[PDB]
Amino acid sequence: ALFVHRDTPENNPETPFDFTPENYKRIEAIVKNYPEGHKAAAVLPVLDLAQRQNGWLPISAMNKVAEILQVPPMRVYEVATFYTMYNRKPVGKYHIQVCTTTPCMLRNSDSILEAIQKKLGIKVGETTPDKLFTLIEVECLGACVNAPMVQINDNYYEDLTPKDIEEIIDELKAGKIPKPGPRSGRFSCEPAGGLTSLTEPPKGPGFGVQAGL
Amino acid sequence: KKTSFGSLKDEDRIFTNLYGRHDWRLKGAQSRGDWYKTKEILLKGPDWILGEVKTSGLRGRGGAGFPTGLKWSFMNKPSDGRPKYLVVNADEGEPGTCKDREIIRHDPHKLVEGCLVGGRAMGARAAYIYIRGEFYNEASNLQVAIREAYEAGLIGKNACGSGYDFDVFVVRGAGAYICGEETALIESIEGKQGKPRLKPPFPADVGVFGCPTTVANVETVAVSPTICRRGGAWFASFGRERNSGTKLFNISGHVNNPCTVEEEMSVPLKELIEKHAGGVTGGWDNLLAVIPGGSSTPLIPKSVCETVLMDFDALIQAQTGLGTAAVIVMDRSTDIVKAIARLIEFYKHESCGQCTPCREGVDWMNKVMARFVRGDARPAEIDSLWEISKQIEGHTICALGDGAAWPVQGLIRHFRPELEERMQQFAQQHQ
Amino acid sequence: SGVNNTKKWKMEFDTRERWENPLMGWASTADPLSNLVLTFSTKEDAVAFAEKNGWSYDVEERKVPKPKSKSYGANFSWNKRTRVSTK
Ligand SMILES: Cc1cc2nc3c(=O)[nH]c(=O)nc-3n(C[C@H](O)[C@H](O)[C@H](O)COP(=O)(O)O)c2cc1C
Ligand code: SF4
Ligand code: FES
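Chains as they are written, first to last, in the authors' numbering: chain E, 5 to 217; chain F, 8 to 438; chain Q, 47 to 133.
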């Protein structure tokens with residue numbers, strides 16, 4: 005949680021990083037999404053792309069994005085430090101992110117947090133000795149009605165109990181990819197126990213259209 | 008005139024795929040009425056489209072509730088040489104709020120179609136959709152829908168065979184609640200830190216890339232095509248006066264069945280919890296307080312929840328606000344002080360740090376509230392904390408400063424005895 | 047940034063030698079006017095005072111900051127170089 009950089013043998017400007025030939029085509033499409041003369045609009049999507057290729061952003065990765073977009077490196081450093089999804093230190097293959105804000109806290113996200121620590125042996129903010137998992141608390145992830153929930157990489161696992169999250173870690177330890185979504189008896193955001201709305205068949209094209217188009 | 012609101016019929020619901028029980032892709036959406044006669048809507052002009060939104064009584068669904076038709080007409084002017092843009096706010100960051108997520112992943116083609124129709128009304132050449140980076144799978148669904156609309160000629164060159172050119176772009180956030188603020192969203196798209204701009208200039212004059220821009224919420228944008236097809240008068244037949252239409256609700260917290268559901272504006276809050284969420288955990292009499300419109304709104308006690316309606320004006324008179332209409336329910340076993348303190352901690356973690364009253368004040372209120380939880384304070388600090396929150400409120404660049412002050416004020420307003428009692432417990436334990 | 051010390055005219059005299067006191071190294075002077083500073087409402091009042099006392103004087107014209115054109119909105123220019131890269 006430090007917002008200054010000190011060069012180290014594994015994180016310094018000479019640390020080797022470059023985009024793959026395939027990722028240079030993705031960058032070209034990202035840049036074209038914005039008006040000519042405002043290529044700096046691509047800083048966030050391109051840093052995120054470098055994170056997806058590399059897993060985290062060394063100072064050399066930030067220096068590379070600055071060069072490609074012809075932006076001052078400091079302005080890239082500002083974006084990397086500002087936004088919390090950018091990892092300026094390496095994290096485990098699975099970055100577990102437990103929501104602890106009030107709506108999730110009311111559904112006992114403390115129990116979910118405690119279960120992950122007990123199973124993995126680590127604390128919040130730490131990485132397992134084998135570098136497979138990293139654990140952190142995060143703010144609301146926009147899945148409040150499906151609380152308690154966690155995000156592991158790009159997937160939401162929702163409506164968790166201590167048993168559910170423990171199974172998910174087990175499936176991940178075996179290389180498997182658990183299905184995202186609620187682990188309770190429902191599919192998404194609907195009320196548990198049967199729908200209280202949207203039980204008719206939807207009306208098709210043209211229903212209820214005012215005259216005169 | 009109507010007098011009691013609620014019991015919304017399935018035939019009058021806009022987001023008819025809210026739960027994802029039907030195909031969310033183009034084929035399903037078209038069969039449910041999306042993308043129908045969009046060409047006819049576009050050819051009626053921007054003045055006609057803006058007229059239907061004005062008559063519908065639609066108000067912003069992002070939290071501030073500005074009249075949508077009046078706001079969108081700010082961009083109804085001639086070009087001065089610059090391009091004009093529509094930015095759709097899919098940041099969806101307010102704690103308790105998860106409605107915008109269901110539209111993006113289950114009803115993507117209503118958002119895409121709303122971008123075109125809403126974009127036409129503003130004369131915009133393209134729409135940038137800002138979706139928070141945590142919504143990777145929902146962002147991917149939205150891109151697939153956009154490609155389908157492109158491959159069918161619905162958007163892009165000669166959209167819907169209308170002679171109008173429109174591009175829809177999806178840009179992902181990188182983890183920041185502040186980027187849901189309309190000007191902080193623009194600064195993020197431009198590649199900077201998500202730091203709000205002062206106003207003036209207003210976005211309709213100098214916006215994204217310094218061009219005329221309108222920032223609209225996902226739900227606000229995603230209901231306009233239906234408002235145009237079915238007419239604004241139909242939309243205005245729901246809810247009270249100046250609170251028109253249908254509204255998505257998130258009920259979370261201590262309810263039997265947390266859920267997202269569509270319902271009529273001005274529905275009683277008690278009816279919404281009982282009918283759709285299965286009641287308060289342990290019976291209605293176990294209710295302690297409700298945060299009715301997201302963490303930014305003040306809480307209200309059970310004595311006010313009995314009769315309060317869910318609309319902009321009814322909740323304002325209850326000294327709160329509809330906000331995003333995200334209901335957080337706290338039953339009688341909640342530690343109310345801790346729950347509010349966790350909200351101030353969230354605002355402390357989300358402040359952009361740009362301006363003094365929030366950069367310093369919110370952090371200050373977080374430290375005070377952490378002590379209030381333990382009782383490690385004096386009763387005289389309660390009035391100091393109230394005064395501190397009033398120095399933050401109305402003095403900051405954006406509304407995140409206000410949104411951190413209000414939950415504190417709601418707590419002191421309705422639960423001062425619980426604050427004073429806890430301090431007295433702590434004092435006797437350490438004597 | 048305060049400007050409240052640029053309101054009134056001043057009269058000062060030419061600086062003369064200061065040397066180090068041999069005992070203590072303090073700054074000694076032989077100039078009775080070394081600390082004399084006079085305040086005036088206007089330049090004419092100061093010049094009138096200097097003439098009747100018989101002092102040769104130099105008058106420096108007041109420097110008022112030039113008015114500036116400030117535009118917050120210019121920070122976000124569509125096509126001009128005033129667009130800022132950070133806030
Ligand atoms: C801290 C903060 C976060 C916000 N987050 C969102 C958001 O996630 N989604 C949204 O639609 N509006 C959000 N807003 C409100 C927007 O600033 C703006 O009012 C809204 O997008 C306008 O669209 P509307 O008129 O359709 O409601 C936020 C405001 C603040 C101060
Ligand atoms: S109120 Fe807070 S979030 Fe808003 S501009 Fe000021 S410091 Fe940033
Ligand atoms: S409070 Fe956890 S997803 Fe919203």
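All residues carry an ideal CB built from backbone N, CA and C; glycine is no exception.
Identification of residues in the segment 26–45 of chain F having a C-beta nearer than 8 Å to some C-beta of chain E yields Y26, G27, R28, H29, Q37, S38, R39, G40, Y43, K44, given in sequence order. Taking 8 Å as the CB threshold, E:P77 stays off the interface with chain Q. Runs of beta strand (DSSP E) with 3 or more residues, each lying fully within the segment 317–356 of chain F, are found at 333–338, listed in chain order.
In terms of side-chain proximity, the C-beta atom of F:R366 is found nearer than 7 Å to a non-hydrogen atom of ligand 2.
DSSP assignment within the segment 60–101 of chain Q yields the following whole beta strand (DSSP E) runs of 3 residues or more, N-terminal first: 64–66, 73–75, 83–86. The alpha carbon of F:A284 has as its nearest neighbour, out of F:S303, F:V336, F:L322, F:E248, the alpha carbon of F:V336. Going by DSSP, F:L118 is part of the alpha helix (DSSP H) stretching over 115–128. With a threshold of 8 Å between beta carbons, E:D158 makes contact with chain F. Fully contained in the segment 152–181 of chain F are the following beta strand (DSSP E) runs of length 3 or more, in chain order: 174–179.
The Cβ of E:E204 sits no closer than 8 Å to any Cβ of chain Q. Between the segment 213–228 of chain F and the segment 69–78 of chain F there are three or more C-beta pairs closer than 8 Å, enough to call the two in contact. For F:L205, a Cβ of chain Q is located within less than 8 Å of the residue's own Cβ.
When Cβ-Cβ separations below 8 Å define contact, Q:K116 makes no contact with chain F. From the listed residues F:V369, F:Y143, F:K61, F:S86, the smallest Cα separation to F:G76 is found for F:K61. In the three-state scheme derived from DSSP, where H, G and I count as helix and E and B as strand, Q:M57 is classed as strand. In this structure, DSSP gives E:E170 a helical state, which the three-state scheme calls helix. In this structure, DSSP gives E:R30 a helical state, which the three-state scheme calls helix. With a cutoff of 7 Å, E:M66 does not count as near ligand 3, since its C-beta is closer than that to no heavy atom of the ligand. Q:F122 has its CB no nearer than 7 Å to any heavy atom of ligand 1.
At a cut-off of 3 residues, the continuous stretches assigned as beta strand (DSSP E) that sit fully inside the segment 34–106 of chain F are 92–97. Within 7 Å of the CB of Q:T132, the CB atoms of chain E belong to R79, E82, in sequence order along the chain. Separation of the CB atoms of E:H99 and E:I156 is rounded to 7 Å, and the pair is thereby assigned contact status at 8 Å.
Of all alpha-carbon atoms in F:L276, F:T331, F:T341, the one lying nearest the alpha-carbon of F:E313 is that of F:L276.
Interface annotation, F:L65: not in contact with chain E, CB-CB separation never under 8 Å. Residue pairing by DSSP places E:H99 opposite E:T138 in a beta bridge.
The CB of E:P209 comes closer than 9 Å to the CB of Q37, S38, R39, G40, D41, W42, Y43, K44 in chain F, given here in chain order. Taken in chain order, the whole alpha helix (DSSP H) runs of length 4 or more contained in the segment 229–266 of chain F are 231–237, 239–243. Under the Cβ criterion of 8 Å, F:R366 is not counted among the residues facing chain Q.
Distances taken from the Cβ of F:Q361 to the heavy atoms of ligand 2 include one shorter than 7 Å.
For F:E278, the uninterrupted alpha helix (DSSP H) segment begins and ends at 276–284. Check the Cα spacing between E:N15 and each of E:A196, E:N112, E:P206, E:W60: the tightest is with E:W60. When the five nearest sequence neighbours on each side are left out, the beta carbons in the same chain lying within less than 7 Å of the beta carbon of F:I404 are those of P203, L205, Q361, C362, in order along the chain. Neighbourhood of F:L350 in chain E, by CB distance below 8 Å: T105, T106, in chain order. Within chain Q, the residues whose beta carbon sits less than 8 Å from that of F:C218 are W124, listed in sequence order. Taken from the Cβ of E:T105, at least one heavy atom of ligand 3 lies inside 7 Å. Rounded to the nearest whole angstrom, the CA to CA distance from F:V94 to F:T288 is 39 Å.
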